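# Structural characterization, general
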Amino acid sequence: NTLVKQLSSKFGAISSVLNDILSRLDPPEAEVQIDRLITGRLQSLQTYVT
Amino acid sequence: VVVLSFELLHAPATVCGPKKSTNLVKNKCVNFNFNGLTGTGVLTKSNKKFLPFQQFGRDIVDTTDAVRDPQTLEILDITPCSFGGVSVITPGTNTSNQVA
Amino acid sequence: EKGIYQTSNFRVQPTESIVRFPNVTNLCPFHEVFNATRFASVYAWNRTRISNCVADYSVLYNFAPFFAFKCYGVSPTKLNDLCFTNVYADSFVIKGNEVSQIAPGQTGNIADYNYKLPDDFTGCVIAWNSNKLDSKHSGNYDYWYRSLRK
Amino acid sequence: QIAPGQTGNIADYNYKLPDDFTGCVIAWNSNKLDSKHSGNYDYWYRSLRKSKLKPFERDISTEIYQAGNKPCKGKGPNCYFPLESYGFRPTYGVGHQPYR
Amino acid sequence: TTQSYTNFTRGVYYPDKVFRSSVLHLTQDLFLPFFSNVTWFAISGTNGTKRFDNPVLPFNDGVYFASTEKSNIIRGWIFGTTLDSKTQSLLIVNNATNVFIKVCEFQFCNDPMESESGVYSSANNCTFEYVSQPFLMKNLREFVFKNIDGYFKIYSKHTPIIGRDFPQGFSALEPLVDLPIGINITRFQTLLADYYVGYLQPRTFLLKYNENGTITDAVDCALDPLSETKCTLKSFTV
Amino acid sequence: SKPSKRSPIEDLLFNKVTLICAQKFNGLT
Ligand SMILES: *[C@@H]1O[C@H](CO)[C@@H](O[C@@H]2O[C@H](CO)[C@@H](O)[C@H](O)[C@H]2NC(C)=O)[C@H](O)[C@H]1NC(C)=O
Ligand SMILES: *[C@@H]1O[C@H](CO)[C@@H](O)[C@H](O)[C@H]1NC(C)=O
Ligand SMILES: *[C@@H]1O[C@H](CO)[C@@H](O)[C@H](O)[C@H]1NC(C)=O
Ligand SMILES: *[C@@H]1O[C@H](CO)[C@@H](O)[C@H](O)[C@H]1NC(C)=O
Ligand SMILES: *[C@@H]1O[C@H](CO)[C@@H](O)[C@H](O)[C@H]1NC(C)=O
């Protein structure tokens, strides 16, 4: 339940939804925002597995 | 002559862009965009009763599971499209190359 | 080796993209500006504000053949994404040798003494021949323009 | 607009750099060579195009593009030719000056 | 005159337009805190029923307003930055046929047994107009008036009661209208022709949703150690 | 007599503790 809930977090990103990041911003800023979300989701998976 | 001057203001409106809709297809895996809400899923007739005010539904988690159709006002459930892992059952390549 | 291995993931792909947005339910009143019994003089433009509405831009191309249809801030094909805030429609009758002066970067007595547009301009200027409606054999002396200004 | 990830009339239809770009962009301002009162050969811009340009794609073909609801040819004020080249006089400012 | 502050557990509204079924949702939004001091103004409060004076109260990040008026003495609400006719202001007036919401540079006309006169009969530089069925048409007539990022949001509920001004039960307000007004809305004057005013503050609430998407209860997470426990556990039973 | 030949105690234990992927179907199975 927590791991799915983590999908709604922003982790410093503009939004939790990848499609909104891609639709609102230019490619390289969108890539920065996506890396912010990737770091957050990957950390959430590492926490879950540990 | 008609001159159309577009004023650039901070006000919240910015409203005139037309929106082109498509037909509604149910019981199939489709991509969708409902009033800016986007995703992938299977749209089916819902038994949920939204208040006239409510437009979207969510789970105990924030996953969206229902929408109000902006033209018909029908409530539709969103079922994720089928997904799951794949396992390969192999007798071993020193016995047979047949797998399940 | 003999055993069961997890190698990938099955996913069923979508076959269609469904875009449902509300009944459009409005037309920004652009047609009523182009289609009018009388237009304003050039010295005093008649400004109509269009705001808080959804704009169908196909009504502009379908109104009449045009003398000039030039959009400067937004490409003529990119007008459909939005009209931020509100738009002003200035409706007037001008001469053919004066229409060419109403644009960013232009000079001349009509732009300078009757009505100027900014050089950094977001908008579109649309012109069409009205000889059928405004001209008379007795002579149309109802329209005025300024030739001399301080 | 001569930079990775940018949009605009150049990045969209005339010259585009890839988002993953290695290199240097050098802009040399030399008005004494490229600015004449009668106009300058070296300018060209794409007006309308069916789609956005890909990185390093060089589109050197032209045909009339209609922005309206009917076919036409050559009717500049009604429909537009891909070339909308503009000149430059020494009297215009820094934002309009030619850059090599 | 103006009456002693009262203690209410009202002012809960649906924070968004999302349907939830049999869940407890913990949300951070601007709500009237439970048992906060709500000012009770007793027709016209301090002023008499024939006096043209008005509190012209300041509005701090949105308010809770309520009034039970069988005779419809209160006709509207005006919100604005200065309320001096020098800038834009939002005039909301219910004429018992339609409700008119206008943004204009309104001039103040000294608006008000049951005497009536023209109200905001003179204005210029109008920028916005909206018309809908009346907001109000013995009902408590609860409203929340909030102004966020240029959008002026009005929520309401209309429930009858005769014996007491406030029913003992719980109900949430539903959105009524959400307009792209853009006005700063620093302050507001009530238009009469007996009401309660409370103020919203940032608070976290645990909202209990029914099988259908209606809110049936709520916990103010900063009211009491027990309420705080309920919120941290996300349960109405501890 | 039961659909699953569990003891009365086992049946109690299974009743006391509480292909549609109804929960958390966001890449998790
Ligand atoms: C939720 O809304 C429904 C419809 O408005 C309410 O009505 C009941 O719906 C169920 C559906 O199976 C029927 O079996 C009942 O007979 C309906 N009751 C009545 C009086 O019509 C339902 O009661 C609402 N739920 C709650 C908890 O209030
Ligand atoms: C949209 O129009 C159709 C008829 O074409 C009508 O049946 C439907 O209810 C309308 N929806 C709205 C939201 O107005
Ligand atoms: C709280 O409200 C009740 C009525 O619901 C009232 O009897 C009580 O005195 C109030 N308490 C305070 C401190 O105002
Ligand atoms: C509220 O009104 C005052 C009037 O002087 C104004 O200065 C202030 O900016 C307004 N509030 C906001 C958020 O702008
Ligand atoms: C698969 O679907 C059929 C109906 O299409 C259903 O009867 C069957 O029970 C399903 N499989 C399982 C394991 O339930």
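Residues numbered from 1 in each chain as written, not as in the entry; some residues may be left out. Chains lettered and ligands numbered in written order. Part of a larger assembly, values for the part shown. Heavy atoms only, no water. Residues with missing side-chain atoms left out of burial classes, pairs and counts.

What the entry reports as its method is cryo-EM, with 2.88 Å given for the resolution.

Before going further, it helps to examine the environment of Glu 57 of chain D. Residue and element names in this part refer to chain D. Topologically, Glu 57 is positioned in the segment after α2 (31-34). Assessed through its relative accessible area of 30%, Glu 57 is described here as partly exposed. Spatially, the C-alpha atoms of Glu 57 and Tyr 13 are 9.2 Å apart, while their sequence positions differ by 44 residues. Those residues in contact with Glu 57 that lie beyond four places of it in its chain are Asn 14 and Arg 49. Among the polar contacts made by the side chain of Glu 57, one reaches the main-chain amide nitrogen of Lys 54 at a distance of 2.8 Å. (Helix = DSSP H or I, 4+ residues; strand = E, 2+ residues; numbered from the N terminus. Buried < 20%, exposed > 50% of the residue type's maximum accessible area, 1.4 Å probe, protein only. Contact = heavy atoms within 4.5 Å. Polar contact = N/O pair within 3.5 Å; in protein donor to acceptor, adjacent residues only side chain to side chain.)

On to the interface of chain C and chain B. Across the contact, 62 residues belong to chain C and 49 residues belong to chain B. For the side of chain C that touches chain B, the elements supplying multiple residues, two or more each, are β1 (3-11), β2 (17-20), α1 (31-34), β5 (87-91) and β6 (123-127) of chain C. Looking at the side of chain C that touches chain B element by element, the count peaks at nine residues for β1 of chain C. Looking at the side of chain C that touches chain B, its residues break down into 38 nonpolar, 16 polar and eight charged. Pairing analysis gives five bridges linking strand β1 (residues 2-6) of chain B to β5 of chain C, with the strands arranged antiparallel. Of the residues in β5 of chain C, the one forming a bridge with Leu 4 of chain B is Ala 89 of chain C. (Nonpolar A, V, L, I, M, F, W, Y, C, P; charged D, E, K, R; others polar. Pairing = 2+ DSSP bridges.)

Turning next to the arrangement of the chains. Ranking by contact count across eight pairs of chains in contact places chains B and C at the top. In this structure chain D stays clear of chain E, and the shortest span between their C-alpha atoms is 28 Å.

Once that is clear, we can look at the UniProt feature "disulfide bond" in chain C. Residues and elements named next belong to chain C. Formation of the UniProt disulfide linking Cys 28 with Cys 53 is confirmed by an inter-sulfur distance of 2.0 Å, under the 2.5 Å limit. With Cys 28 in the loop between β2 and α1 and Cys 53 in the loop between β3 (46-50) and α2 (58-61), this pair connects stretches of sequence that are 25 residues apart. Per UniProt, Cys 71 and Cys 124 form a disulfide, and the coordinates bear that out, putting the sulfurs 2.0 Å apart. Here the residue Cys 71 occupies a position in strand β4 (residues 68-71), and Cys 124 occupies one in strand β6, the gap between them amounting to 53 residues. Side by side, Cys 71 and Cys 124 carry an identical accessibility label, which is buried. (Disulfide = S-S within 2.5 Å. UniProt positions renumbered as here; feature names shortened; annotations may be inferred.)

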